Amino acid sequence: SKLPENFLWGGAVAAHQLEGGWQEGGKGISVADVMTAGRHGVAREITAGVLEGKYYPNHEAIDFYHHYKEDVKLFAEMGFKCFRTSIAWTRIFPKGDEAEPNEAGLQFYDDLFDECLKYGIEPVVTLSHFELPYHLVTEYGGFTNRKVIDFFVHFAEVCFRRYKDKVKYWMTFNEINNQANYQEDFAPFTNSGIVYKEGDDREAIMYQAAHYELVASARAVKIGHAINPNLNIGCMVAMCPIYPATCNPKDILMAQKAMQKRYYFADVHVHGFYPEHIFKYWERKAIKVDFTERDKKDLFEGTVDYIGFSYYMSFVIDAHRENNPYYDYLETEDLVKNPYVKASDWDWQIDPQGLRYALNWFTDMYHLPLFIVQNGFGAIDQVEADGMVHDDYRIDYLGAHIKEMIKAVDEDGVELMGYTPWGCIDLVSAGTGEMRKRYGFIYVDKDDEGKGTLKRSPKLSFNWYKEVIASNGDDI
């Protein structure tokens, strides 16, 4: 085979997107519990707490909390070699600032992790995934507050210890670089728990939180390895490679400066220091960041073991916008459409070839092992009279990507730990809080009005993926 024997095939999810039981076992209100439903072309509403008259899809989600044994069993039917999820911060520390963790909460993950380990499924765990306690947001302002660093490090330490011999693979902060787009409220609210107000420099406040998180990460990495040196602790960034529209030298420069801005987090996770261009940017913009000598030391001592990343699409930038003499990157303004590729009904361009670019790029910059912890295809699914979703459009997409990651390993020589398709069981979509935007090999009976039996049934892609794993990639 072309992939190494122990290659980690699996499937990915996040606590707040699937678990449900948002109030069970003392679980506290998380940022996710206050975001209402939306849709393609309509933003999710972020409320000042749980308001009457609103629908909050994450509250009940797909009730994985009461269903996990049945679902894990399916994951084992496909033959997962691993399973990625996050530990819900608000199940361990309801409000965030407690001196002691919620035991019921630790127990739930004990029970979940034991369940996977029965079938030989190695857990892969993300510490923060879009679900910090909503209390740290109201009470402290989220990761704008330096003291929240220690709250995260407490939470991580607790988690490392309880699971030091059950969980081999960890990631600190989910897609730490989504907030690179400070222009809208989603990323800053979910990466970082930032609610903006009048006169706030949104960009300035984003960089501070990002810095606190990068520093929280480096401290957590360090502490993990002390507890169990064998732990593998990685970072996690959303990779959307950014292509220059043409060989016009300005487009070229725009592309390079955009990548630099979108992925400086990686350089810090990896090299242990900020690149010079960020400081130059801050000076230019008069952005001041609370950045200490101790921070600088934590960052250099807390670099990651591998890079985990999501991949769904690629972008294209050009130099069309004038009044940009410094070549700033505006995610909401500088991006144009790639004429050479197709897209989803949500307009996420489909570019499997970009997965290979990405893998090569990470490899060339960083020379660390890599882990595709999210890749997937969100689409409308229908049920055929035969009772099964025939999702060949999903199979085609996953398929084309696998073929490219294999080329990268076999022809290019990148070290890739594994591959984890995203939303492996139908779940509440992050960007939209939509059920109708489905990603799973497994269909869950529930719609965007929250009606349905919630019964699960396999999709056409279920057996397909099963054969993929069993063939270790030789059968696409």
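Throughout, we count residues from 1 along the sequence that is shown.
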Requested in this report: Name the higher of the two by mean Cα B-factor in the PDB entry, 164-172 versus 197-205.
Outcome: 197-205
Report summary line: With B-factors read from the PDB entry, the higher C-alpha mean of 408-416 and 25-33 is in 25-33
Query raised in the report: Which has the highest CA B-factor per the PDB entry: 85, 332, 310, 177?
Result: 332
Query raised in the report: Which is it among 305, 131, 267, 301: the one with the largest CA B-factor in the entry?
Result: 131
Query raised in the report: In terms of the chain's CA B-factor thirds, is residue 147 lowest, middle or highest?
Result: highest
Requested in this report: Relative to the other modelled residues of the same chain, rank the CA B-factor of residue 3 and answer lowest, middle or highest third.
Outcome: middle
Query raised in the report: Split the chain's modelled residues into thirds by Cα B-factor; is residue 13 in the lowest, middle or highest one?
Result: lowest
Report task. Using the B-factor values recorded in the entry, state whether the Cα atom of residue 352 falls in the lowest, middle or highest third among the modelled residues of its chain. Result -> lowest
Query - Assigned third (lowest, middle, highest) for the C-alpha B factor of residue 102 - result: highest
